[PDB]
Amino acid sequence: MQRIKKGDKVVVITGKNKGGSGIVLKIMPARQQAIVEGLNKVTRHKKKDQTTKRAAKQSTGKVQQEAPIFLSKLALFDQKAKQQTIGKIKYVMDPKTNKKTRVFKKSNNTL
Amino acid sequence: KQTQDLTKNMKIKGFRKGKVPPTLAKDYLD
Amino acid sequence: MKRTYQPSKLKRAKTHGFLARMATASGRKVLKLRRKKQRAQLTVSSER
Amino acid sequence: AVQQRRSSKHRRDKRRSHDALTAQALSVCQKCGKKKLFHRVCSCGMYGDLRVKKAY
Amino acid sequence: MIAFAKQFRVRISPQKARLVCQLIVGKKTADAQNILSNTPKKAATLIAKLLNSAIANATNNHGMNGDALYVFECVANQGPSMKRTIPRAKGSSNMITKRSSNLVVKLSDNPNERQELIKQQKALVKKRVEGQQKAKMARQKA
Amino acid sequence: XXXXXXXXXXXXXXXXXXXXXXXXXXXXXXXXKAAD
Amino acid sequence: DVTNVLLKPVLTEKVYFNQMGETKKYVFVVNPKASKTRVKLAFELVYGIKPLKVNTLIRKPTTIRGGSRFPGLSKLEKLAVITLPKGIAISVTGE
RNA sequence: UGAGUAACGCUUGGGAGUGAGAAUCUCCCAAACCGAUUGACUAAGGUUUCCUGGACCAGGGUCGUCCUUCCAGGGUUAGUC
RNA sequence: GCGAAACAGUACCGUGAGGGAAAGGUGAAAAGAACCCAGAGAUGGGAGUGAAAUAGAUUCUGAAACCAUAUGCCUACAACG
Ligand SMILES: [Mg+2]
Ligand SMILES: [Mg+2]
Ligand SMILES: [Mg+2]
Ligand SMILES: [Mg+2]
Ligand SMILES: [Mg+2]
Ligand SMILES: [Mg+2]
Ligand SMILES: [Mg+2]
Ligand SMILES: [Mg+2]
Ligand SMILES: [Mg+2]
Ligand SMILES: [Mg+2]
Ligand SMILES: [Mg+2]
Ligand SMILES: [Mg+2]
Ligand SMILES: [Mg+2]
Ligand SMILES: [Mg+2]
Ligand SMILES: [Mg+2]
Ligand SMILES: [Mg+2]
Ligand SMILES: [Mg+2]
Ligand SMILES: [Mg+2]
Ligand SMILES: [Mg+2]
Ligand SMILES: [Mg+2]
Ligand SMILES: [Mg+2]
Ligand SMILES: [Mg+2]
Ligand SMILES: [Mg+2]
Ligand SMILES: [Mg+2]
Ligand SMILES: [Mg+2]
Ligand SMILES: [Zn+2]
């Protein structure tokens with residue numbers, strides 16, 4: 001299975017942005033990056049191009065989007081615990097549903 | 001009038017300018 | 001002046017063509033080496 | 001005939017010493033002011049007091 | 001305070017461009033434009049464009065007065081060449097070298113600019129020597 | 001306006017460079033300067 | 001029969017010049033291995049009106065995008081020029 | 001380096017226009033050569049070099065707004081050849 | 001280092017058998033320079049992003065030969081490995 005999925009809260013543990021909490025919007029497994037909302041804001045200098053019905057306007061100024069971040073820099077954020085902390089996860093298989101479920105190793109919280 | 005405005009340049013794939021079809025100009029460039 | 005090479009669609013194909021090379025034991029050996037060298041133009045048949 | 005010895009980078013410049021250029025003599029038009037080379041019609045076609053050609 | 005403009009891979013040869021470039025060094029702005037506009041040479045309508053752009057970005061970008069600019073140095077460095085084969089007689093062949101020039105024009109407002117360049121050079125040479133002296137004091141300290 | 005290029009390949013400075021095979025199949029002949 | 005010999009209709013200045021004035025001429029592209037009789041049969045089984053005659057064009061492949069880093073060849077086309085009888089004009093799109 | 005030297009491989013003048021820029025591009029008027037041919041139809045070969053529009057990285061022994069160059073689109077119809 | 005780190009037995013040469021190259025590196029991330037000025041435009045100068053733009057797609061470092069600019073000294077009666 002995978003450490004990071006689409007939707008769970010995640011934070012950054014290294015770089016200029018420290019303690020940046022966000023939601024993963026999309027995961028590229030092949031190049032090992034991850035788009036997290038609110039973090040790694042880059043500002044492409046949007047030029048003007050007019051060759052299509054939508055390109056006739058294509059209003060683009062200083063649009064701020066999301067830059068991908070390596071998955072190594074990401075760390076899962078705990079929510080069930082009263083005192084939230086950053087830790088590592090296991091891959092225990094509960095016989096109740098015979099489905100693999102992520103569980104933290106510094107606590108007993110599922111996912 | 002309106003069809004006159006839409007026949008200038010805007011060359012179609014298999015066509016040229018000027019001789020734009022009098023009735024068919026709303027299919028490719030819709 | 002009359003230079004050495006006077007092009008002809010028939011003479012070329014009937015002398016250095018695939019069927020011409022495939023008619024003698026010697027022709028098979030030359031074709032084997034050209035396949036060994038992985039020539040894109042194995043013979044003059046594949047002009048295009 | 002060809003040089004049996006190569007000419008250095010100093011003899012080359014000595015020969016080029018006479019290749020310098022000269023600044024062509026210029027004057028001012030008496031009706032518009034732009035500089036024009038002497039004894040020739042300006043850009044407006046107005047030479048002296050006579051309108052020669054139509055304005056540029 | 002140097003303002004400057006550049007042009008890469010100009011088709012004119014450096015040999016035939018330096019000849020025109022020596023006609024503009026040291027001249028005032030207005031006089032420089034007038035001489036280059038009426039000289040019957042190919043490398044006259046390209047330095048003129050470069051010169052005009054340099055004046056423009058001197059009085060707009062760097063904020064200069066505009067009535068004191070003089071051509072500090074206008075030179076045509078050697079640019080990358082292009083090699084072609086000219087077919088000669090009796091089956092031989094020679095190599096035509098299409099020459100290109102990298103043109104750069106620079107104008108200043110201060111008539112004493114050579115002195116400042118020597119000052120930075122003196123500062124760099126000077127900057128080298130104290131470090132040697134500082135190393136000597138540390139060496140004696142140990 | 002309408003100056004744009006949405007095609008995946010589009011350029012005005014087409015990349016090209018001429019090469020030389022150094023074809024110098026030169027020869028020579030005899031002469032009337034033979035001292036025998 | 002299988003109807004893989006009717007690949008694509010084509011609309012050019014020549015096509016529209018023919019496609020007017022009583023008898024209509026529709027130009028399609030067909031399987032390069034197909035014959036005139038197969039073209040007439042395909043038109044019979046998928047449109048319903050018998051062609052008056054069929055003409056065929058072979059456009060040879062040629063080099064395209066020359067000088068580009070990777071040059072490529074063209075694609076082999078067989079063109080068929082169907083001409084329906086006087087007064088009949090069916091639509092290529094809409095069935 | 002030789003050296004900005006040899007060479008640039010048979011064909012004139014002008015008017016108007018385009019263009020940022022024209023001896024070289026477009027039109028017109030002449031002018032000069034071919035005229036058992038530099039005229040016209042095809043075989044062989046060449047393989048898109050054909051037509052239209054656009055461009056002036058490179059090629060054109062100069063220039064170029066122009067090209068047999070490049071880009072985009074299009075073009076070759078047989079019972080009798 | 002295999003001829004071939006790239007689309008190499010390719011481009012190219014030869015009627016053919018056959019012969020047979022060169023060419024790698026932006027930045028952590030394109031965030032690949034919106035916008036202003038000159039210009040016909042490419043482009044350049046600012047601005048902006050970036051730790052660094054003298055890292056700008058000509059994209060790691062950038063040697064010498066070679067070509068130019070300049071502070072200081074010398075050089076136009078002078079026979080010079
Ligand atoms: Mg010198
Ligand atoms: Mg001289
Ligand atoms: Mg020859
Ligand atoms: Mg036929
Ligand atoms: Mg030499
Ligand atoms: Mg020289
Ligand atoms: Mg001489
Ligand atoms: Mg001479
Ligand atoms: Mg001469
Ligand atoms: Mg000639
Ligand atoms: Mg002449
Ligand atoms: Mg005559
Ligand atoms: Mg003839
Ligand atoms: Mg071609
Ligand atoms: Mg044409
Ligand atoms: Mg054209
Ligand atoms: Mg030229
Ligand atoms: Mg008939
Ligand atoms: Mg070959
Ligand atoms: Mg810069
Ligand atoms: Mg370099
Ligand atoms: Mg470098
Ligand atoms: Mg003396
Ligand atoms: Mg004496
Ligand atoms: Mg003596
Ligand atoms: Zn005047």
# chains A, B, ... in the order shown; residues from 1 in each chain; ligands from 1

$ residues_near_ligand --ligand "ligand 26" --cutoff "9 Å" --atoms "only C-alpha atoms (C1' of nucleotides) and all ligand atoms" --output "short mmCIF file (atom, residue, chain, number, x, y, z; two decimals) with C-alpha atoms, in the first residue's frame"
data_model
loop_
_atom_site.label_atom_id
_atom_site.label_comp_id
_atom_site.auth_asym_id
_atom_site.auth_seq_id
_atom_site.Cartn_x
_atom_site.Cartn_y
_atom_site.Cartn_z
CA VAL D 28 22.86 71.84 -41.67
CA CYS D 29 19.77 72.23 -43.83
CA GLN D 30 18.50 75.81 -43.85
CA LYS D 31 14.80 74.92 -43.39
CA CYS D 32 14.63 71.87 -41.10
CA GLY D 33 17.98 71.57 -39.34
CA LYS D 34 18.95 67.92 -39.78
CA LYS D 35 22.57 67.26 -40.70
CA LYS D 36 23.18 66.37 -44.34
CA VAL D 41 19.89 67.47 -51.34
CA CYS D 42 18.44 66.90 -47.87
CA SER D 43 15.75 64.36 -46.98
CA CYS D 44 12.91 66.81 -47.72
CA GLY D 45 14.11 67.41 -51.29
CA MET D 46 14.77 71.07 -50.52
CA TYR D 47 18.22 72.18 -51.80
CA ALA D 55 8.98 65.40 -48.87
#

$ residues_near_ligand --ligand "ligand 1" --cutoff "12 Å" --atoms "only C-alpha atoms (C1' of nucleotides) and all ligand atoms" --output "ChimeraX atom specification"
/D:8-17 /I:66-69

$ write_last_selection --atoms "C-alpha atoms (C1' of nucleotides)" --output "PDB file, in the first residue's frame"
ATOM      1  CA  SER D   8      53.575  38.468 -37.821  1.00  0.00           C
ATOM      2  CA  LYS D   9      50.731  40.341 -36.137  1.00  0.00           C
ATOM      3  CA  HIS D  10      52.814  43.549 -36.209  1.00  0.00           C
ATOM      4  CA  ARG D  11      53.544  43.901 -39.930  1.00  0.00           C
ATOM      5  CA  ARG D  12      49.831  43.268 -40.511  1.00  0.00           C
ATOM      6  CA  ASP D  13      48.819  46.279 -38.412  1.00  0.00           C
ATOM      7  CA  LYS D  14      51.548  48.442 -39.966  1.00  0.00           C
ATOM      8  CA  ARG D  15      50.030  47.803 -43.399  1.00  0.00           C
ATOM      9  CA  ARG D  16      46.521  48.514 -42.076  1.00  0.00           C
ATOM     10  CA  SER D  17      47.736  51.835 -40.624  1.00  0.00           C
TER      11      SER D  17
ATOM     12  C1'   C I  66      43.705  34.204 -31.560  1.00  0.00           C
ATOM     13  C1'   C I  67      41.099  39.157 -31.821  1.00  0.00           C
ATOM     14  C1'   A I  68      40.036  44.045 -29.585  1.00  0.00           C
ATOM     15  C1'   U I  69      40.115  48.230 -25.327  1.00  0.00           C
TER      16        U I  69
END

$ residues_around --residues "residue 4 in chain H" --least-positions-apart "4" --cutoff "10 Å" --atoms "only C-alpha atoms (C1' of nucleotides)" --output "short mmCIF file (atom, residue, chain, number, x, y, z; two decimals) with C-alpha atoms, in the first residue's frame"
data_model
loop_
_atom_site.label_atom_id
_atom_site.label_comp_id
_atom_site.auth_asym_id
_atom_site.auth_seq_id
_atom_site.Cartn_x
_atom_site.Cartn_y
_atom_site.Cartn_z
CA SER E 13 32.83 40.90 -39.85
CA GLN E 15 37.52 43.49 -39.35
CA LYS E 16 35.03 45.60 -41.32
#

$ residues_near_ligand --ligand "ligand 8" --cutoff "12 Å" --atoms "only C-alpha atoms (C1' of nucleotides) and all ligand atoms" --output "list in words"
residues 3, 4, 5, 6 and 7 of chain H

$ write_last_selection --atoms "N, CA and C atoms (P, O5', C5', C4', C3', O3' and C1' of nucleotides)" --output "PDB file, in the first residue's frame"
ATOM      1  P     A H   3      47.956  39.250 -49.542  1.00  0.00           P
ATOM      2  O5'   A H   3      47.306  39.986 -48.287  1.00  0.00           O
ATOM      3  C5'   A H   3      46.604  41.213 -48.457  1.00  0.00           C
ATOM      4  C4'   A H   3      45.306  41.244 -47.684  1.00  0.00           C
ATOM      5  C3'   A H   3      45.436  41.144 -46.165  1.00  0.00           C
ATOM      6  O3'   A H   3      44.383  41.891 -45.556  1.00  0.00           O
ATOM      7  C1'   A H   3      44.128  39.354 -46.955  1.00  0.00           C
ATOM      8  P     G H   4      44.567  43.452 -45.223  1.00  0.00           P
ATOM      9  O5'   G H   4      43.091  43.939 -44.875  1.00  0.00           O
ATOM     10  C5'   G H   4      42.260  44.531 -45.869  1.00  0.00           C
ATOM     11  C4'   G H   4      41.774  43.515 -46.873  1.00  0.00           C
ATOM     12  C3'   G H   4      40.816  44.050 -47.937  1.00  0.00           C
ATOM     13  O3'   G H   4      41.030  43.350 -49.161  1.00  0.00           O
ATOM     14  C1'   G H   4      39.765  42.319 -46.739  1.00  0.00           C
ATOM     15  P     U H   5      40.686  44.050 -50.566  1.00  0.00           P
ATOM     16  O5'   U H   5      41.601  43.283 -51.620  1.00  0.00           O
ATOM     17  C5'   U H   5      42.993  43.545 -51.719  1.00  0.00           C
ATOM     18  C4'   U H   5      43.754  42.309 -52.126  1.00  0.00           C
ATOM     19  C3'   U H   5      43.130  41.490 -53.244  1.00  0.00           C
ATOM     20  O3'   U H   5      43.442  41.996 -54.531  1.00  0.00           O
ATOM     21  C1'   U H   5      43.802  40.059 -51.468  1.00  0.00           C
ATOM     22  P     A H   6      42.330  42.003 -55.691  1.00  0.00           P
ATOM     23  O5'   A H   6      42.286  40.497 -56.207  1.00  0.00           O
ATOM     24  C5'   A H   6      43.260  40.009 -57.116  1.00  0.00           C
ATOM     25  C4'   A H   6      43.092  38.532 -57.365  1.00  0.00           C
ATOM     26  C3'   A H   6      41.778  38.106 -58.002  1.00  0.00           C
ATOM     27  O3'   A H   6      41.780  38.256 -59.412  1.00  0.00           O
ATOM     28  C1'   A H   6      42.226  36.730 -56.137  1.00  0.00           C
ATOM     29  P     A H   7      40.450  38.724 -60.186  1.00  0.00           P
ATOM     30  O5'   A H   7      39.329  37.699 -59.708  1.00  0.00           O
ATOM     31  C5'   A H   7      39.278  36.377 -60.225  1.00  0.00           C
ATOM     32  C4'   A H   7      38.244  35.548 -59.507  1.00  0.00           C
ATOM     33  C3'   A H   7      36.807  36.036 -59.627  1.00  0.00           C
ATOM     34  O3'   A H   7      36.172  35.583 -60.811  1.00  0.00           O
ATOM     35  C1'   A H   7      37.308  35.641 -57.356  1.00  0.00           C
TER      36        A H   7
END

$ interface_residues --of "chain G" --to "chain I" --cutoff "12 Å" --atoms "only C-alpha atoms (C1' of nucleotides)" --output "mmCIF file with N, CA and C atoms, in the first residue's frame"
data_model
loop_
_atom_site.group_PDB
_atom_site.id
_atom_site.type_symbol
_atom_site.label_atom_id
_atom_site.label_comp_id
_atom_site.auth_asym_id
_atom_site.auth_seq_id
_atom_site.Cartn_x
_atom_site.Cartn_y
_atom_site.Cartn_z
ATOM 1 N N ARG G 69 14.225 18.244 -36.901
ATOM 2 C CA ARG G 69 15.165 17.319 -36.269
ATOM 3 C C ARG G 69 14.884 15.865 -36.640
ATOM 4 N N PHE G 70 13.618 15.463 -36.608
ATOM 5 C CA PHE G 70 13.208 14.133 -37.057
ATOM 6 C C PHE G 70 12.285 14.244 -38.261
ATOM 7 N N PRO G 71 12.771 13.951 -39.463
ATOM 8 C CA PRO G 71 11.913 14.001 -40.647
ATOM 9 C C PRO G 71 11.038 12.765 -40.761
#

$ residues_near_ligand --ligand "ligand 4" --cutoff "12 Å" --atoms "only C-alpha atoms (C1' of nucleotides) and all ligand atoms" --output "list in words"
residues 35, 36, 54, 55, 56, 57, 58, 59, 78, 79, 80 and 81 of chain G; 76, 77, 78 and 81 of chain H

$ interface_residues --of "chain H" --to "chain E" --cutoff "12 Å" --atoms "only C-alpha atoms (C1' of nucleotides)" --output "ChimeraX atom specification"
/H:3-4,7,9,20-21,57-59,61-63

$ write_last_selection --atoms "N, CA and C atoms (P, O5', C5', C4', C3', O3' and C1' of nucleotides)" --output "PDB file, in the first residue's frame"
ATOM      1  P     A H   3      47.956  39.250 -49.542  1.00  0.00           P
ATOM      2  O5'   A H   3      47.306  39.986 -48.287  1.00  0.00           O
ATOM      3  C5'   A H   3      46.604  41.213 -48.457  1.00  0.00           C
ATOM      4  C4'   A H   3      45.306  41.244 -47.684  1.00  0.00           C
ATOM      5  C3'   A H   3      45.436  41.144 -46.165  1.00  0.00           C
ATOM      6  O3'   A H   3      44.383  41.891 -45.556  1.00  0.00           O
ATOM      7  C1'   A H   3      44.128  39.354 -46.955  1.00  0.00           C
ATOM      8  P     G H   4      44.567  43.452 -45.223  1.00  0.00           P
ATOM      9  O5'   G H   4      43.091  43.939 -44.875  1.00  0.00           O
ATOM     10  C5'   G H   4      42.260  44.531 -45.869  1.00  0.00           C
ATOM     11  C4'   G H   4      41.774  43.515 -46.873  1.00  0.00           C
ATOM     12  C3'   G H   4      40.816  44.050 -47.937  1.00  0.00           C
ATOM     13  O3'   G H   4      41.030  43.350 -49.161  1.00  0.00           O
ATOM     14  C1'   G H   4      39.765  42.319 -46.739  1.00  0.00           C
ATOM     15  P     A H   7      40.450  38.724 -60.186  1.00  0.00           P
ATOM     16  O5'   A H   7      39.329  37.699 -59.708  1.00  0.00           O
ATOM     17  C5'   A H   7      39.278  36.377 -60.225  1.00  0.00           C
ATOM     18  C4'   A H   7      38.244  35.548 -59.507  1.00  0.00           C
ATOM     19  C3'   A H   7      36.807  36.036 -59.627  1.00  0.00           C
ATOM     20  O3'   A H   7      36.172  35.583 -60.811  1.00  0.00           O
ATOM     21  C1'   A H   7      37.308  35.641 -57.356  1.00  0.00           C
ATOM     22  P     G H   9      30.071  36.468 -62.088  1.00  0.00           P
ATOM     23  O5'   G H   9      30.646  35.097 -62.660  1.00  0.00           O
ATOM     24  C5'   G H   9      31.124  35.001 -63.992  1.00  0.00           C
ATOM     25  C4'   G H   9      31.131  33.573 -64.473  1.00  0.00           C
ATOM     26  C3'   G H   9      29.772  32.938 -64.707  1.00  0.00           C
ATOM     27  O3'   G H   9      29.189  33.298 -65.946  1.00  0.00           O
ATOM     28  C1'   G H   9      31.125  31.453 -63.471  1.00  0.00           C
ATOM     29  P     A H  20       6.364  49.078 -42.781  1.00  0.00           P
ATOM     30  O5'   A H  20       7.557  50.115 -42.968  1.00  0.00           O
ATOM     31  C5'   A H  20       7.772  51.165 -42.037  1.00  0.00           C
ATOM     32  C4'   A H  20       9.243  51.402 -41.819  1.00  0.00           C
ATOM     33  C3'   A H  20      10.120  51.267 -43.055  1.00  0.00           C
ATOM     34  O3'   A H  20      10.154  52.452 -43.832  1.00  0.00           O
ATOM     35  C1'   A H  20      11.066  50.028 -41.271  1.00  0.00           C
ATOM     36  P     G H  21      10.874  52.465 -45.269  1.00  0.00           P
ATOM     37  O5'   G H  21      12.426  52.605 -44.937  1.00  0.00           O
ATOM     38  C5'   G H  21      13.385  52.663 -45.980  1.00  0.00           C
ATOM     39  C4'   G H  21      14.514  51.689 -45.753  1.00  0.00           C
ATOM     40  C3'   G H  21      14.927  50.851 -46.953  1.00  0.00           C
ATOM     41  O3'   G H  21      15.796  51.539 -47.834  1.00  0.00           O
ATOM     42  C1'   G H  21      14.718  49.464 -45.044  1.00  0.00           C
ATOM     43  P     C H  57      16.313  36.633 -40.897  1.00  0.00           P
ATOM     44  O5'   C H  57      16.957  35.207 -40.607  1.00  0.00           O
ATOM     45  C5'   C H  57      16.197  34.174 -39.999  1.00  0.00           C
ATOM     46  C4'   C H  57      17.058  33.302 -39.122  1.00  0.00           C
ATOM     47  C3'   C H  57      18.293  32.705 -39.778  1.00  0.00           C
ATOM     48  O3'   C H  57      19.379  33.611 -39.847  1.00  0.00           O
ATOM     49  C1'   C H  57      17.140  31.004 -38.636  1.00  0.00           C
ATOM     50  P     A H  58      20.140  33.841 -41.244  1.00  0.00           P
ATOM     51  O5'   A H  58      20.500  32.365 -41.721  1.00  0.00           O
ATOM     52  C5'   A H  58      21.749  31.782 -41.387  1.00  0.00           C
ATOM     53  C4'   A H  58      21.802  30.324 -41.766  1.00  0.00           C
ATOM     54  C3'   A H  58      22.054  30.040 -43.240  1.00  0.00           C
ATOM     55  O3'   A H  58      23.435  29.968 -43.544  1.00  0.00           O
ATOM     56  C1'   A H  58      20.158  28.819 -42.509  1.00  0.00           C
ATOM     57  P     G H  59      23.992  30.608 -44.908  1.00  0.00           P
ATOM     58  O5'   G H  59      23.314  29.733 -46.053  1.00  0.00           O
ATOM     59  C5'   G H  59      23.877  28.496 -46.462  1.00  0.00           C
ATOM     60  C4'   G H  59      23.165  27.959 -47.676  1.00  0.00           C
ATOM     61  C3'   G H  59      23.252  28.864 -48.894  1.00  0.00           C
ATOM     62  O3'   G H  59      24.412  28.621 -49.668  1.00  0.00           O
ATOM     63  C1'   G H  59      21.000  28.166 -48.543  1.00  0.00           C
ATOM     64  P     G H  61      24.076  31.472 -56.486  1.00  0.00           P
ATOM     65  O5'   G H  61      25.456  31.882 -55.802  1.00  0.00           O
ATOM     66  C5'   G H  61      25.913  33.231 -55.780  1.00  0.00           C
ATOM     67  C4'   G H  61      26.676  33.515 -54.510  1.00  0.00           C
ATOM     68  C3'   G H  61      26.992  34.984 -54.240  1.00  0.00           C
ATOM     69  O3'   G H  61      27.048  35.187 -52.829  1.00  0.00           O
ATOM     70  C1'   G H  61      29.007  33.778 -54.448  1.00  0.00           C
ATOM     71  P     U H  62      25.782  35.765 -52.026  1.00  0.00           P
ATOM     72  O5'   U H  62      25.930  37.344 -52.163  1.00  0.00           O
ATOM     73  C5'   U H  62      27.027  38.023 -51.571  1.00  0.00           C
ATOM     74  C4'   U H  62      26.878  39.517 -51.696  1.00  0.00           C
ATOM     75  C3'   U H  62      25.555  40.087 -51.211  1.00  0.00           C
ATOM     76  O3'   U H  62      25.558  40.334 -49.815  1.00  0.00           O
ATOM     77  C1'   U H  62      26.067  40.958 -53.363  1.00  0.00           C
ATOM     78  P     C H  63      24.372  39.785 -48.882  1.00  0.00           P
ATOM     79  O5'   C H  63      23.145  40.747 -49.204  1.00  0.00           O
ATOM     80  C5'   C H  63      23.245  42.148 -48.995  1.00  0.00           C
ATOM     81  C4'   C H  63      22.117  42.882 -49.673  1.00  0.00           C
ATOM     82  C3'   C H  63      20.723  42.350 -49.375  1.00  0.00           C
ATOM     83  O3'   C H  63      20.176  42.882 -48.182  1.00  0.00           O
ATOM     84  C1'   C H  63      20.987  42.670 -51.716  1.00  0.00           C
TER      85        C H  63
END

$ closest_atom_pairs --of "chain I" --to "ligand 22" --cutoff "8 Å" --atoms "only C-alpha atoms (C1' of nucleotides) and all ligand atoms" --output "CSV"
residue,atom,partner,partner_atom_place_in_ligand_line,distance
I:59,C1',ligand 22,1 (Mg),7.6
I:60,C1',ligand 22,1 (Mg),6.8
I:61,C1',ligand 22,1 (Mg),7.0
I:62,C1',ligand 22,1 (Mg),6.2

$ interface_residues --of "chain I" --to "chain E" --cutoff "7 Å" --atoms "only C-alpha atoms (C1' of nucleotides)" --output "list in words"
residues 37, 38, 43, 44, 45, 46, 67, 68 and 71 of chain I

$ write_last_selection --atoms "C-alpha atoms (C1' of nucleotides)" --output "PDB file, in the first residue's frame"
ATOM      1  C1'   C I  37      11.983  51.560 -22.860  1.00  0.00           C
ATOM      2  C1'   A I  38      14.670  51.552 -28.007  1.00  0.00           C
ATOM      3  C1'   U I  43      17.418  41.094 -29.487  1.00  0.00           C
ATOM      4  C1'   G I  44      19.373  44.341 -25.783  1.00  0.00           C
ATOM      5  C1'   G I  45      18.773  47.518 -21.104  1.00  0.00           C
ATOM      6  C1'   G I  46      15.698  47.644 -16.723  1.00  0.00           C
ATOM      7  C1'   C I  67      41.099  39.157 -31.821  1.00  0.00           C
ATOM      8  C1'   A I  68      40.036  44.045 -29.585  1.00  0.00           C
ATOM      9  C1'   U I  71      46.480  53.161 -16.990  1.00  0.00           C
TER      10        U I  71
END

$ atom_distance --atom1 "CA of residue 71 in chain A" --atom2 "CA of residue 33 in chain A"
5.3 Å

$ residues_near_ligand --ligand "ligand 5" --cutoff "12 Å" --atoms "only C-alpha atoms (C1' of nucleotides) and all ligand atoms" --output "VMD selection string"
(chain D and resid 6) or (chain E and resid 94 to 97) or (chain H and resid 1 to 2)

$ interface_residues --of "chain G" --to "chain B" --cutoff "12 Å" --atoms "only C-alpha atoms" --output "number ranges by chain"
G: 9-17

$ atom_distance --atom1 "CA of residue 31 in chain F" --atom2 "atom 1 (Mg, counted along the ligand's line) of ligand 3"
23.3 Å

$ atom_distance --atom1 "atom 1 (Mg, counted along the ligand's line) of ligand 17" --atom2 "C1' of residue 26 in chain H"
20.9 Å

$ residues_around --residues "range 84-86 of chain A" --least-positions-apart "4" --cutoff "9 Å" --atoms "only C-alpha atoms (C1' of nucleotides)" --output "list in words"
residues 11, 75, 76, 77, 78, 79, 80 and 106 of chain A
